[PDB]
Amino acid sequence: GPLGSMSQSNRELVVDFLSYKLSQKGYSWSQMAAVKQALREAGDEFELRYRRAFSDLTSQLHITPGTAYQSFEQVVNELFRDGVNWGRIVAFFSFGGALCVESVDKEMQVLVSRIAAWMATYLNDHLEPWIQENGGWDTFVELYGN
């Protein structure tokens, strides 16, 4: 690959492994690593226990390569029609993940990077103000971590 490829990919590998090993002993590579792990765990639990009791939002979107942010935003808003809470933000991440998997399942690989940018924009415009006034991601970790 390109000149720095090995440098980036080795660093990615080292940080991932060290983050994992520290996490297993109740520590963390960084505060951001603690947030990521808590979100991974919360998303898994949402999918295991709570998701099937709600209507399937992926059915509402019916994503295609012609799909733009505006459609994604309108569907995601349904999650927060009764307001923001941490569980609903968790469902939001899980939704994004399910869309990505579905897109690959259906040979629409182009959507994965698209969805990633959709989510970042939705977070910044719609969820960050609530996050900052509700203790930040550090509070999420205290409530959802382990």
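Quick note: we count residues from 1 along the sequence shown, nothing fancier. Only the largest set of C-alpha atoms that superpose within 1.5 Å between the two forms is called the rigid core.
Superposition on the core shows that, in 4 other deposited structures of this protein, the C-alpha atoms drift more in one of 86-94 and 50-58; this is 50-58. Superposition on the core shows that, in 4 other deposited structures of this protein, the C-alpha atoms drift more in one of 65-73 and 114-122; this is 65-73. For the two regions 34-42 and 58-66, the entry's Cα B-factors average higher over 58-66. In this entry, 24-32 has the higher mean Cα B-factor, the comparison being between 113-121 and 24-32.
When the C-alpha B-factors of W86, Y50, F95, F80 are read from the PDB record, the largest value belongs to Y50.
Ranked by C-alpha B-factor against the other modelled residues of its chain, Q8 falls in the lowest third.
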